[PDB]
Amino acid sequence: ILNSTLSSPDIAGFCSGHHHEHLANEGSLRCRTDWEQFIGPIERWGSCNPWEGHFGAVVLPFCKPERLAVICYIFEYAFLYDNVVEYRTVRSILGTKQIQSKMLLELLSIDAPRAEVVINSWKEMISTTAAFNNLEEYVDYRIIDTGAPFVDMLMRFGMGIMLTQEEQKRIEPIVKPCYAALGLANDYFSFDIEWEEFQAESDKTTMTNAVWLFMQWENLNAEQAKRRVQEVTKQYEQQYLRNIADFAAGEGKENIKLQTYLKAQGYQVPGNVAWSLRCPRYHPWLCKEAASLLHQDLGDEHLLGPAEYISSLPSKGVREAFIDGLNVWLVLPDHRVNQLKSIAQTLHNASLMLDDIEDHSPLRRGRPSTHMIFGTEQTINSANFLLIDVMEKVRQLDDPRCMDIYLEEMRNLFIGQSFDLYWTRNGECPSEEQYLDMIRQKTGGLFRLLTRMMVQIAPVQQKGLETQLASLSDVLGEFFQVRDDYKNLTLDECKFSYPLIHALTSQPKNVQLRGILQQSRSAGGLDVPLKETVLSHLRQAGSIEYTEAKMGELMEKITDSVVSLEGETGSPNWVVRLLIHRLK
Amino acid sequence: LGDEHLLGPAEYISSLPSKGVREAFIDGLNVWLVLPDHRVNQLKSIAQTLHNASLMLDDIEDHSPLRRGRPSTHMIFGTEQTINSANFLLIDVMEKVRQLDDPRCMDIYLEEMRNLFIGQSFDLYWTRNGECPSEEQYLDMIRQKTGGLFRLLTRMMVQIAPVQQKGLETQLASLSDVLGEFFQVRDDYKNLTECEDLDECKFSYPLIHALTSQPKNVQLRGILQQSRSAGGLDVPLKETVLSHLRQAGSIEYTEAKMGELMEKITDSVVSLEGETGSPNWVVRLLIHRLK
Amino acid sequence: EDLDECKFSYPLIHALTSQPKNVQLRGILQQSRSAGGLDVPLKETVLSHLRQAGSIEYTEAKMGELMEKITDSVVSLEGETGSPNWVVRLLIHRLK
């Protein structure tokens, strides 16, 4: 039911084929006031056209009045949005953002369905915008460069109707006359000014416009450049009705909606034609009387809990005693010495707490493990928070760059433990060199962190020898890992270890060993006497002998690096000598 | 030796599509504060990274094989490897924080990532041991767990921004606490209306109103115990639970606090707008989008 | 069912042979062993990683090149025997 109640041909050689006013007119006006508020000063006459129709006045008088005011807001906005597309800089982005959201808030206020396609079409049109040969390829350029699909979807929003894609492909050739018309029809009048702007566009490439190409494509100047447009548009309008007659003879014999929708889509071509004839937007001189007309117109426990248990178990006390030794070489105040020992004790408890979960270890030190009294996940939280509690203490000891050292020896710490976990789930034997670098940056990483923090916040003069202590920490981090593997063999997770790499690198025909390992990774844990066999093979191939060739080589390089420090710095330290002896 | 098996879990959780809730909110607070554009993107990486560390851990404690469709990280890369890379993303974040060029920004970060972890500790009690919480303890657990990533972004965003503006933190922080309630309560309501809401024996808002009032419903406290023994109820069982909560009216008492939360959120935006005097339509594009 | 026990097939071998750093593929084929059954959501993911790495494209080559060797060899046997085998072509044709 098209309402002509409020909706009131040879144009320039071609073209053979709203009463709410202020509700629409002022609705457009609000846009200009709002846009100047946010974006920038008002400019070239908008969709208004006092005599031949303020866009929607003639272009779409059939839009439902209630949405039309917002559609006129859109009509102005779509114009205004293009009108400029045709601290302050970020505010301009901010100025964009807000008034950008003003439409959606208002547009989604009326209804969802029609907006959906319209929303999708709108950004699609903009995306399409961002050597002419024939007429049709520029039509493909300007079918969506006019915004017409979005506009006729906005016209489909005009009466708030949808065009299903099956019918769309059906009407795609049916509306192709009009779809291609909006291309050619728009240029004709726009060209008259666009080429005036084109003649001022200087840097212009081949000017994207049907008409101006026609002056020089085949040297059919103006009246003949019109004539091909006339040959297009006078036909394209007759052809529109001719195809609408074909539509009337075919798809739209009594097709109700698309018949009334092509009726509105039939006033589209005359609506832009009537609009383009005498608009101040296109003829600025009218602006003054046009403007003159407008002048007339919840606790603490349950998080610290798991940390209390693992910090109250019988400890060996190695990491805590390494700092006790180096301090004699390094000399730092007692207040700052206990601080680091608290950091070392906390961080070490974080590593062990995540261990038993990541190696199924049901007990440690002979007592129940920490993931059996508080749960598997409540333990992970406590670990992920102790990593934050250490950072609060790192700041506390006064230094700006002591934290960057912590943030580096913790990336290296985690980089190595990732590799170990790979080699144990996706069973894969690492090489001897690749195993030595993993235990280098996963056990010695904590020793490095305690070393490079002490050698940085010490009362100066202990910076030249920094490298040497980093060598001790690196050569000693290895020692613990290659000494634990013998203390642990004299595998319940079948963890690849230093003796075991030698076994499966010296006999690549020891089928039995691969089969006491794979039975351990599958059933879960080697059973009691099957471990007896695994010791036997390692005894028949060296391994046990070889591990004391590296426990010795390491034990000679530790004593070599200790000697250098003592002599180079005079003071003979004896805490480290006692610690080294008890380690043997 | 290399650096691939650590960042591996991070890349996978980043890949899967998302919503943009954390991202859009920062743009909403952007036009009340006039931040530069160089700092905001640096501020937006902390939101993506920290929310990703949350997800990888949360799936571990749910045993949910899939997130949104595509599989979870703890089923492609292993629980042990996904926990390790999760703790690395935390340390990675505290590198971006000191790249923001401010001393007390770090203090803010390690003050609201401790309240973000007390809330989770409580939430993991009430599911492993099976203790029905109180209605007010629960409403305090969510303002810290899911409303803690919001306060952390807010207070940081007002400390980095050009100072000028007075103690806007007072009203702006209060917005974050209430917005975290409208998000968790919504997630609970849009589970028992069509699920995995009860497959973890997870206590939600409907389930703490039907369990305190009607305190002799021996049927419900029997199907909430089968969950802890079978690792999740079956489809017919939940239709019994869902019909059980209707009689208690919990589905009706959840939609009553949701309206209050949307009223207190609306009021705060209006009151803080009358102060600044610059209508932030972006926050209203959000507000209608969650109704 | 081939991935249900992770029976190494031609496409899977080429995918792992080509990319040494497709950590995801290594991970899923371990989930297969650790649990016992590759679920459907994971099984769809495996197929995608092959296509992005080709693999399936490589399969057609051998599966078509093998057709070259047999077709050429059968003609050779056809000539020397002096008796046209039409029943081996039927088994061949009903196999394509």
# chains A, B, ... in the order shown; residues from 1 in each chain; ligands from 1
call {"tool": "interface_residues", "arguments": {"of": "chain C", "to": "chain A", "cutoff": "8 Å", "atoms": "only C-alpha atoms", "output": "compact mmCIF listing (two decimals) with C-alpha atoms, in the first residue's frame"}}
result
# COMPACT_ATOMS: atom_id res chain seq x y z
CA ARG C 26 52.47 -33.51 16.85
CA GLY C 27 50.29 -32.67 19.82
CA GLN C 30 49.77 -37.74 20.99
CA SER C 34 47.32 -40.88 25.57
call {"tool": "residues_around", "arguments": {"residues": "residue 569 of chain A", "least_positions_apart": "5", "cutoff": "12 Å", "atoms": "only C-alpha atoms", "output": "ChimeraX atom specification"}}
result
/A:328-330,461-462,464-465,468,562-564
call {"tool": "write_last_selection", "arguments": {"atoms": "C-alpha atoms", "output": "compact mmCIF listing (two decimals), in the first residue's frame"}}
result
# COMPACT_ATOMS: atom_id res chain seq x y z
CA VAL A 328 81.66 -13.58 51.69
CA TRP A 329 83.09 -12.80 48.25
CA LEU A 330 80.55 -10.07 47.62
CA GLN A 461 83.18 -2.89 42.74
CA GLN A 462 81.58 -6.28 42.20
CA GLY A 464 83.81 -6.58 36.66
CA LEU A 465 83.77 -10.17 37.91
CA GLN A 468 82.85 -15.44 36.28
CA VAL A 562 86.69 -21.31 42.36
CA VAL A 563 90.48 -21.00 42.32
CA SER A 564 90.40 -18.15 39.80
call {"tool": "closest_residue", "arguments": {"among": "B:161, B:76, B:208, B:118", "to": "residue 32 of chain B", "atoms": "only C-alpha atoms"}}
result
B:161
call {"tool": "atom_distance", "arguments": {"atom1": "atom CA of residue 449 of chain A", "atom2": "atom CA of residue 115 of chain B"}}
result
27.8 Å
call {"tool": "atom_distance", "arguments": {"atom1": "atom CA of residue 148 of chain A", "atom2": "atom CA of residue 223 of chain A"}}
result
26.4 Å
call {"tool": "residues_around", "arguments": {"residues": "residue 178 of chain B", "least_positions_apart": "6", "cutoff": "8 Å", "atoms": "only C-alpha atoms", "output": "list in words"}}
result
residues 143, 147, 261, 264 and 265 of chain B
call {"tool": "write_last_selection", "arguments": {"atoms": "C-alpha atoms", "output": "compact mmCIF listing (two decimals), in the first residue's frame"}}
result
# COMPACT_ATOMS: atom_id res chain seq x y z
CA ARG B 143 33.04 -8.62 41.89
CA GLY B 147 35.10 -7.68 37.94
CA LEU B 261 22.12 -4.37 37.71
CA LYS B 264 22.49 0.81 38.53
CA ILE B 265 24.71 0.63 35.46
call {"tool": "residues_around", "arguments": {"residues": "residue 270 of chain B", "least_positions_apart": "6", "cutoff": "12 Å", "atoms": "only C-alpha atoms", "output": "ChimeraX atom specification"}}
result
/B:171-172,175,263-264,276-281,283-284
call {"tool": "closest_atom_pairs", "arguments": {"of": "chain A", "to": "chain B", "cutoff": "7 Å", "atoms": "only C-alpha atoms", "output": "Markdown table"}}
result
| residue | atom | partner | partner_atom | distance |
| --- | --- | --- | --- | --- |
| A:94 | CA | B:31 | CA | 6.7 |
| A:98 | CA | B:281 | CA | 5.6 |
| A:101 | CA | B:282 | CA | 5.9 |
| A:102 | CA | B:281 | CA | 6.1 |
| A:105 | CA | B:285 | CA | 5.7 |
| A:298 | CA | B:140 | CA | 6.7 |
| A:299 | CA | B:118 | CA | 7.0 |
| A:300 | CA | B:118 | CA | 6.8 |
| A:302 | CA | B:121 | CA | 5.8 |
| A:303 | CA | B:121 | CA | 5.7 |
| A:358 | CA | B:80 | CA | 5.6 |
| A:377 | CA | B:61 | CA | 6.4 |
| A:378 | CA | B:121 | CA | 6.3 |
| A:381 | CA | B:121 | CA | 6.9 |
| A:384 | CA | B:87 | CA | 6.2 |
| A:407 | CA | B:91 | CA | 7.0 |
| A:414 | CA | B:88 | CA | 6.9 |
| A:415 | CA | B:3 | CA | 6.2 |
| A:416 | CA | B:1 | CA | 6.8 |
| A:418 | CA | B:6 | CA | 5.6 |
| A:419 | CA | B:5 | CA | 6.7 |
| A:421 | CA | B:81 | CA | 6.4 |
| A:437 | CA | B:1 | CA | 6.5 |
| A:438 | CA | B:1 | CA | 6.8 |
call {"tool": "interface_residues", "arguments": {"of": "chain C", "to": "chain B", "cutoff": "12 Å", "atoms": "only C-alpha atoms", "output": "list in words"}}
result
residues 20, 21, 22, 23, 24, 25, 26, 27, 28, 29, 30, 31, 32, 34, 35, 38, 39, 40, 41, 42, 43, 44, 45, 46 and 48 of chain C
call {"tool": "write_last_selection", "arguments": {"atoms": "C-alpha atoms", "output": "compact mmCIF listing (two decimals), in the first residue's frame"}}
result
# COMPACT_ATOMS: atom_id res chain seq x y z
CA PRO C 20 59.25 -29.50 11.25
CA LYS C 21 57.49 -26.87 13.35
CA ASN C 22 53.80 -27.82 13.10
CA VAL C 23 53.70 -28.39 16.85
CA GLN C 24 49.92 -28.70 16.76
CA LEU C 25 49.94 -31.81 14.57
CA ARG C 26 52.47 -33.51 16.85
CA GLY C 27 50.29 -32.67 19.82
CA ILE C 28 47.04 -34.09 18.49
CA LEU C 29 48.54 -37.41 17.40
CA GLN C 30 49.77 -37.74 20.99
CA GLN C 31 46.29 -37.05 22.36
CA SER C 32 45.28 -40.01 20.22
CA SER C 34 47.32 -40.88 25.57
CA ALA C 35 43.53 -41.10 25.62
CA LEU C 38 40.58 -38.98 18.62
CA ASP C 39 37.23 -37.23 19.11
CA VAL C 40 35.35 -35.67 16.18
CA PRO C 41 36.26 -32.04 17.07
CA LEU C 42 39.93 -33.02 17.10
CA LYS C 43 39.54 -35.21 14.01
CA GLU C 44 38.30 -32.25 11.98
CA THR C 45 41.34 -30.24 13.08
CA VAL C 46 43.75 -32.88 11.78
CA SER C 48 42.65 -28.99 8.12
call {"tool": "select_by_dssp", "arguments": {"residues": "chain C", "states": "helix (DSSP H, G or I)", "output": "count of residues only"}}
result
68
call {"tool": "atom_distance", "arguments": {"atom1": "atom CA of residue 413 of chain A", "atom2": "atom CA of residue 495 of chain A"}}
result
18.9 Å
call {"tool": "closest_residue", "arguments": {"among": "B:213, B:240, B:139, B:199", "to": "residue 257 of chain B", "atoms": "only C-alpha atoms"}}
result
B:139
call {"tool": "select_by_dssp", "arguments": {"residues": "segment 256-474 of chain A", "states": "strand (DSSP E or B)", "output": "list in words"}}
result
residues 363, 364, 367 and 368 of chain A
call {"tool": "residues_around", "arguments": {"residues": "segment 172-179 of chain A", "least_positions_apart": "3", "cutoff": "7 Å", "atoms": "only C-alpha atoms", "output": "list in words"}}
result
residues 143, 168, 169, 182, 236, 239, 240, 243, 244, 247 and 269 of chain A
call {"tool": "residues_around", "arguments": {"residues": "residue 100 of chain B", "least_positions_apart": "4", "cutoff": "9 Å", "atoms": "only C-alpha atoms", "output": "PyMOL selection string"}}
result
chain B and resi 39+42-43+96+105+160
call {"tool": "residues_around", "arguments": {"residues": "residue 455 of chain A", "least_positions_apart": "4", "cutoff": "9 Å", "atoms": "only C-alpha atoms", "output": "list in words"}}
result
residues 330, 450, 451, 459, 460, 462, 463, 465, 466 and 469 of chain A
call {"tool": "decode", "arguments": {"residues": "segment 450-491 of chain A", "atoms": "N, CA and C atoms", "output": "PDB file, in the first residue's frame"}}
result
ATOM      1  N   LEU A 450      69.782 -15.593  41.314  1.00  0.00           N
ATOM      2  CA  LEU A 450      70.339 -15.193  42.599  1.00  0.00           C
ATOM      3  C   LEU A 450      71.716 -14.565  42.444  1.00  0.00           C
ATOM      4  N   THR A 451      72.443 -14.920  41.388  1.00  0.00           N
ATOM      5  CA  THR A 451      73.786 -14.389  41.208  1.00  0.00           C
ATOM      6  C   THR A 451      73.757 -13.000  40.586  1.00  0.00           C
ATOM      7  N   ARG A 452      73.007 -12.835  39.499  1.00  0.00           N
ATOM      8  CA  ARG A 452      72.951 -11.555  38.809  1.00  0.00           C
ATOM      9  C   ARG A 452      72.139 -10.506  39.554  1.00  0.00           C
ATOM     10  N   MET A 453      71.401 -10.884  40.595  1.00  0.00           N
ATOM     11  CA  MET A 453      70.797  -9.885  41.466  1.00  0.00           C
ATOM     12  C   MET A 453      71.758  -9.438  42.554  1.00  0.00           C
ATOM     13  N   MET A 454      72.534 -10.369  43.110  1.00  0.00           N
ATOM     14  CA  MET A 454      73.487 -10.013  44.155  1.00  0.00           C
ATOM     15  C   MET A 454      74.628  -9.176  43.596  1.00  0.00           C
ATOM     16  N   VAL A 455      75.072  -9.497  42.388  1.00  0.00           N
ATOM     17  CA  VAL A 455      76.246  -8.877  41.788  1.00  0.00           C
ATOM     18  C   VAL A 455      75.851  -7.544  41.175  1.00  0.00           C
ATOM     19  N   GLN A 456      74.592  -7.161  41.367  1.00  0.00           N
ATOM     20  CA  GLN A 456      74.073  -5.901  40.861  1.00  0.00           C
ATOM     21  C   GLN A 456      73.647  -4.941  41.956  1.00  0.00           C
ATOM     22  N   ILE A 457      73.251  -5.427  43.129  1.00  0.00           N
ATOM     23  CA  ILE A 457      72.809  -4.566  44.218  1.00  0.00           C
ATOM     24  C   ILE A 457      73.828  -4.594  45.348  1.00  0.00           C
ATOM     25  N   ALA A 458      75.009  -5.144  45.078  1.00  0.00           N
ATOM     26  CA  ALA A 458      76.089  -5.177  46.048  1.00  0.00           C
ATOM     27  C   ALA A 458      76.749  -3.804  46.077  1.00  0.00           C
ATOM     28  N   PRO A 459      77.415  -3.433  47.172  1.00  0.00           N
ATOM     29  CA  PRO A 459      78.011  -2.093  47.249  1.00  0.00           C
ATOM     30  C   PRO A 459      79.171  -1.895  46.287  1.00  0.00           C
ATOM     31  N   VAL A 460      78.853  -1.903  44.991  1.00  0.00           N
ATOM     32  CA  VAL A 460      79.751  -1.581  43.881  1.00  0.00           C
ATOM     33  C   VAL A 460      81.019  -2.439  43.907  1.00  0.00           C
ATOM     34  N   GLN A 461      81.882  -2.247  42.905  1.00  0.00           N
ATOM     35  CA  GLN A 461      83.185  -2.886  42.742  1.00  0.00           C
ATOM     36  C   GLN A 461      83.056  -4.379  42.472  1.00  0.00           C
ATOM     37  N   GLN A 462      81.848  -4.917  42.608  1.00  0.00           N
ATOM     38  CA  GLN A 462      81.575  -6.284  42.196  1.00  0.00           C
ATOM     39  C   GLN A 462      80.764  -6.295  40.908  1.00  0.00           C
ATOM     40  N   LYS A 463      81.318  -5.743  39.831  1.00  0.00           N
ATOM     41  CA  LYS A 463      80.626  -5.748  38.548  1.00  0.00           C
ATOM     42  C   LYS A 463      81.548  -6.267  37.454  1.00  0.00           C
ATOM     43  N   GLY A 464      82.854  -6.048  37.616  1.00  0.00           N
ATOM     44  CA  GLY A 464      83.809  -6.575  36.658  1.00  0.00           C
ATOM     45  C   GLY A 464      83.871  -8.089  36.651  1.00  0.00           C
ATOM     46  N   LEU A 465      83.653  -8.715  37.809  1.00  0.00           N
ATOM     47  CA  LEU A 465      83.772 -10.166  37.912  1.00  0.00           C
ATOM     48  C   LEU A 465      82.435 -10.862  37.688  1.00  0.00           C
ATOM     49  N   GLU A 466      81.415 -10.115  37.265  1.00  0.00           N
ATOM     50  CA  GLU A 466      80.072 -10.648  37.060  1.00  0.00           C
ATOM     51  C   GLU A 466      80.050 -11.898  36.191  1.00  0.00           C
ATOM     52  N   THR A 467      80.831 -11.902  35.111  1.00  0.00           N
ATOM     53  CA  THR A 467      80.790 -13.025  34.182  1.00  0.00           C
ATOM     54  C   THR A 467      81.253 -14.315  34.846  1.00  0.00           C
ATOM     55  N   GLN A 468      82.282 -14.233  35.690  1.00  0.00           N
ATOM     56  CA  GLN A 468      82.848 -15.440  36.277  1.00  0.00           C
ATOM     57  C   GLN A 468      81.841 -16.151  37.172  1.00  0.00           C
ATOM     58  N   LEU A 469      81.097 -15.396  37.984  1.00  0.00           N
ATOM     59  CA  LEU A 469      80.089 -16.021  38.833  1.00  0.00           C
ATOM     60  C   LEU A 469      78.954 -16.614  38.012  1.00  0.00           C
ATOM     61  N   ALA A 470      78.647 -16.020  36.860  1.00  0.00           N
ATOM     62  CA  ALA A 470      77.655 -16.614  35.976  1.00  0.00           C
ATOM     63  C   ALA A 470      78.155 -17.920  35.375  1.00  0.00           C
ATOM     64  N   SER A 471      79.474 -18.100  35.291  1.00  0.00           N
ATOM     65  CA  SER A 471      80.023 -19.370  34.826  1.00  0.00           C
ATOM     66  C   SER A 471      79.903 -20.444  35.900  1.00  0.00           C
ATOM     67  N   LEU A 472      80.154 -20.078  37.160  1.00  0.00           N
ATOM     68  CA  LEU A 472      79.977 -21.013  38.265  1.00  0.00           C
ATOM     69  C   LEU A 472      78.537 -21.482  38.374  1.00  0.00           C
ATOM     70  N   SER A 473      77.593 -20.546  38.283  1.00  0.00           N
ATOM     71  CA  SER A 473      76.184 -20.907  38.376  1.00  0.00           C
ATOM     72  C   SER A 473      75.785 -21.821  37.229  1.00  0.00           C
ATOM     73  N   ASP A 474      76.377 -21.612  36.055  1.00  0.00           N
ATOM     74  CA  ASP A 474      76.045 -22.443  34.904  1.00  0.00           C
ATOM     75  C   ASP A 474      76.689 -23.821  35.010  1.00  0.00           C
ATOM     76  N   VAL A 475      77.923 -23.883  35.508  1.00  0.00           N
ATOM     77  CA  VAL A 475      78.618 -25.163  35.617  1.00  0.00           C
ATOM     78  C   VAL A 475      78.131 -25.944  36.830  1.00  0.00           C
ATOM     79  N   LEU A 476      77.479 -25.269  37.772  1.00  0.00           N
ATOM     80  CA  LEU A 476      76.956 -25.947  38.948  1.00  0.00           C
ATOM     81  C   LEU A 476      75.502 -26.354  38.788  1.00  0.00           C
ATOM     82  N   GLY A 477      74.723 -25.603  38.011  1.00  0.00           N
ATOM     83  CA  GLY A 477      73.367 -26.034  37.714  1.00  0.00           C
ATOM     84  C   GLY A 477      73.341 -27.375  37.011  1.00  0.00           C
ATOM     85  N   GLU A 478      74.317 -27.607  36.132  1.00  0.00           N
ATOM     86  CA  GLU A 478      74.454 -28.912  35.502  1.00  0.00           C
ATOM     87  C   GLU A 478      74.706 -29.995  36.537  1.00  0.00           C
ATOM     88  N   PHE A 479      75.577 -29.716  37.502  1.00  0.00           N
ATOM     89  CA  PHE A 479      76.031 -30.710  38.462  1.00  0.00           C
ATOM     90  C   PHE A 479      74.878 -31.366  39.205  1.00  0.00           C
ATOM     91  N   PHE A 480      73.923 -30.562  39.655  1.00  0.00           N
ATOM     92  CA  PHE A 480      72.817 -31.061  40.456  1.00  0.00           C
ATOM     93  C   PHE A 480      71.975 -32.044  39.660  1.00  0.00           C
ATOM     94  N   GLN A 481      71.743 -31.732  38.389  1.00  0.00           N
ATOM     95  CA  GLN A 481      70.910 -32.558  37.534  1.00  0.00           C
ATOM     96  C   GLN A 481      71.606 -33.854  37.133  1.00  0.00           C
ATOM     97  N   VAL A 482      72.924 -33.813  36.910  1.00  0.00           N
ATOM     98  CA  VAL A 482      73.659 -35.032  36.578  1.00  0.00           C
ATOM     99  C   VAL A 482      74.066 -35.813  37.811  1.00  0.00           C
ATOM    100  N   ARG A 483      73.898 -35.244  38.999  1.00  0.00           N
ATOM    101  CA  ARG A 483      74.127 -35.952  40.249  1.00  0.00           C
ATOM    102  C   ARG A 483      72.837 -36.521  40.819  1.00  0.00           C
ATOM    103  N   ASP A 484      71.707 -35.875  40.538  1.00  0.00           N
ATOM    104  CA  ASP A 484      70.422 -36.425  40.937  1.00  0.00           C
ATOM    105  C   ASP A 484      70.082 -37.691  40.168  1.00  0.00           C
ATOM    106  N   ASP A 485      70.478 -37.781  38.899  1.00  0.00           N
ATOM    107  CA  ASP A 485      70.163 -38.953  38.095  1.00  0.00           C
ATOM    108  C   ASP A 485      70.842 -40.221  38.584  1.00  0.00           C
ATOM    109  N   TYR A 486      72.020 -40.132  39.194  1.00  0.00           N
ATOM    110  CA  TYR A 486      72.627 -41.279  39.853  1.00  0.00           C
ATOM    111  C   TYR A 486      72.036 -41.546  41.226  1.00  0.00           C
ATOM    112  N   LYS A 487      71.748 -40.500  41.999  1.00  0.00           N
ATOM    113  CA  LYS A 487      71.061 -40.703  43.267  1.00  0.00           C
ATOM    114  C   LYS A 487      69.679 -41.302  43.059  1.00  0.00           C
ATOM    115  N   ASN A 488      69.079 -41.075  41.893  1.00  0.00           N
ATOM    116  CA  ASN A 488      67.788 -41.654  41.558  1.00  0.00           C
ATOM    117  C   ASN A 488      67.912 -42.999  40.854  1.00  0.00           C
ATOM    118  N   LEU A 489      69.132 -43.512  40.693  1.00  0.00           N
ATOM    119  CA  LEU A 489      69.345 -44.796  40.033  1.00  0.00           C
ATOM    120  C   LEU A 489      70.482 -45.505  40.764  1.00  0.00           C
ATOM    121  N   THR A 490      70.134 -46.292  41.772  1.00  0.00           N
ATOM    122  CA  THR A 490      71.125 -47.041  42.531  1.00  0.00           C
ATOM    123  C   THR A 490      70.481 -48.227  43.239  1.00  0.00           C
ATOM    124  N   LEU A 491      62.492 -42.908  37.668  1.00  0.00           N
ATOM    125  CA  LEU A 491      62.063 -43.452  36.386  1.00  0.00           C
ATOM    126  C   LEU A 491      60.585 -43.806  36.478  1.00  0.00           C
TER     127      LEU A 491
END
